[PDB]
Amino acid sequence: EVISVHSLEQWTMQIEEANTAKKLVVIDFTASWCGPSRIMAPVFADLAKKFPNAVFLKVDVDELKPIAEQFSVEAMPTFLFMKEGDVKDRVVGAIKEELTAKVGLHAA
């Protein structure tokens, strides 16, 4: 359920797609060298199932920095909540409970 984005072109496709389906998009901006970021992977992977009607994308900031500098993302991990092109809210850090919570409020 967690789709990793590997190119700027792939990113645009995923966003446009989810938009046509009027779905909620949750995005995890990661770093493989960042301890706090790895820890949140399972928590993100699990919530990926907890809500199938939302789209979960994984973006490595070392690979697609332009996407991070576009949404003002300077810390990792950072979870972004989007819908129809506009950001609705974001969670900064490995704050599990604040994640597992803000997801229900925007998804359901």
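When you see a residue number, it is the position in the sequence shown, counting from 1.
> Averaging C-alpha B-factors over each stretch, which comes out higher, 41 to 49 or 26 to 34?
Replying inline: Comparing 41 to 49 with 26 to 34, the higher mean C-alpha B-factor belongs to 41 to 49.
> Looking at the entry, does 66 to 74 or 79 to 87 show the higher mean C-alpha B-factor?
Replying inline: Comparing averages over the C-alpha atoms only gives 79 to 87.
> Where does residue 20 sit by CA temperature factor within its chain: lowest, middle or highest third?
Replying inline: Within its chain, residue 20 is a highest-third residue by C-alpha B-factor, going by the deposited values.
> Thinking about Cα B factors across the chain, which third does residue 10 belong to?
Replying inline: Its C-alpha B-factor belongs to the lowest third of this chain's values.
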